[PDB]
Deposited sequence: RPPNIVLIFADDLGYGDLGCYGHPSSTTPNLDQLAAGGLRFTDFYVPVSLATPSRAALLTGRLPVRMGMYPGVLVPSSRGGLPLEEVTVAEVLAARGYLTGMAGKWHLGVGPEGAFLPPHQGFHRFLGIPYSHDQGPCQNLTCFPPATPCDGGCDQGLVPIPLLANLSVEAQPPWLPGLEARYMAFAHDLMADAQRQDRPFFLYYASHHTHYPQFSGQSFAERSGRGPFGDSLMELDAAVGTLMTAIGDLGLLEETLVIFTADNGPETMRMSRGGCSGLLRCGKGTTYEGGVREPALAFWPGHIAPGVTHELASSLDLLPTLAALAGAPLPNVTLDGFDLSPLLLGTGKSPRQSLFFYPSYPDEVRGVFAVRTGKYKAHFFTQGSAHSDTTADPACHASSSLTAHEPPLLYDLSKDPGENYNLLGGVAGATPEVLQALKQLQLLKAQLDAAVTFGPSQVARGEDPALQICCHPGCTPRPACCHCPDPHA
């Protein structure tokens, strides 16, 4: 009975990048087709605009400060990881009998002997890279075949990026023009195996598109008419078209819920090789709408009727909604999301009225940076980020430093989604929205205690995955293409 679930999570992709979200040149026909027969959200959100914290929140339904996933993101030498006691969505569904799989980016920790890798967090199967694909040297990697090298080099002084099958290194580094196809093959097998055993499957496809450095297989190199960023988005979109074909071919259309979102807004510091937040302001690394408001699509023919909703939804609501849909029980922990099955099924409204946004570097003295309630969003603190530099808006740059606002900056996102016109720069609707927003911020700051930072437990170069264990010299001996 429980539907099969496929969760596609893109990387560094903005609200204005899909064709269906208005981009003038992107090529995304499969995603456009899913929107046209599915529910397109205009107001869906992640609570923190960086990969690690966002990935933690999506898999646990909890604000990332609760389990220490701050500040910044994890790196290959990190000792820390998402604690093994947090219950992931994967555990929740596995315990109700789903065959569960993950392909692609994890970024939730590696640890001493791979203790934090996915196999330990509820996934039966895993094929991917344990952190972003740019966290290792890439000046010699090919990003576009036959031999266009990746641009800029990526991180130096580290082992090459490992492609892992469960806990074993399959390739180091992998060939980027074919990674995707490896991931579609793995998915195809997970589906079939599950059909075979009469069991519901759960696929978590964390794609590398459209994170720097851009890359694609040869059918897309130079065919999107938006350069490398388009080519990489176009391959992502073709991958979605492949999952939907596989779902067709096994007669699983009406029994599969397919969700598409992305972890955080665009990295505009990659300029024309990064994504686009459309009308929204700034991008990745900030708490402006461009960093935390993502594209989101839900498709389940015969269950979700085609349309557009404006209701509030978050990545935080994913665990509890999917649990409900699977008749799986909720962990016995404080959860920060809700079940949105009534909104999906068209029988109710979203129960979500408020959203809370933390910065990349949060702290317990300042607490939440911004809050949305209804149509009103207040910013109590503002800051730009080097991930959102290079555009003409000075508030997005790294040089717009941390600034306190009291009274907060207050926007009406139904008329001013661009966040340009501070409404306190008076009215009774406004004044009542102000008092609610301040009381929600002070209630959340007083009730959440920050879990001890995983990121500050430090780095140890010995934790890098090495294809040729014990080899020498480290790290360049670690490699098995």
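Residues of the deposited sequence lacking C-alpha coordinates fall in the stretches 426 to 429, 486 to 489, numbered from 1.
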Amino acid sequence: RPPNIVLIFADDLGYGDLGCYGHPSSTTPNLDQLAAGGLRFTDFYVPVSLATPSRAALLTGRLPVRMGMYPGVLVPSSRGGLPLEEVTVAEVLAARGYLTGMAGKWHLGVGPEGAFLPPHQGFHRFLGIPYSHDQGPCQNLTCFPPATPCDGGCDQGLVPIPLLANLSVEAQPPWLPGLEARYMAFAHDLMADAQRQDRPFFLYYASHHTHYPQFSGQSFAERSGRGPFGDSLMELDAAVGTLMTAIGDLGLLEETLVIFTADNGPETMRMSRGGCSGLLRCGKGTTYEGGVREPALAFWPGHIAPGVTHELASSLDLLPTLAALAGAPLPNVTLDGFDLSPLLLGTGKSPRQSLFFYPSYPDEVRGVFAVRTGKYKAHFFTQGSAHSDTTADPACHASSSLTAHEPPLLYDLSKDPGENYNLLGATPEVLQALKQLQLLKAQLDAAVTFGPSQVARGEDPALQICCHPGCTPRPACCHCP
From here on, numbers count along this sequence of modelled residues.
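Mean CA temperature factor is higher for 236 to 244 when stretches 236 to 244 and 276 to 284 are set side by side in the entry. When 37 to 45 is weighed against 445 to 453, 445 to 453 comes out higher, by mean CA B-factor as recorded in the entry.
Annotation for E113, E311, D134, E294: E113 ranks highest, by Cα B-factor. Going by the entry's values, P301 shows the largest Cα B-factor out of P407, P301, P394, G367.
In this PDB entry, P428 carries a Cα temperature factor that places it within the highest third of its chain's modelled residues. The deposited CA B-factor of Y204 belongs to the middle third of values across its chain. Annotation for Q464: C-alpha temperature factor in the middle third relative to the rest of the modelled chain, per the entry.
When the modelled residues of the chain are ordered by their C-alpha B factor, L434 lands in the middle third. Annotation for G251: C-alpha temperature factor in the highest third relative to the rest of the modelled chain, per the entry.
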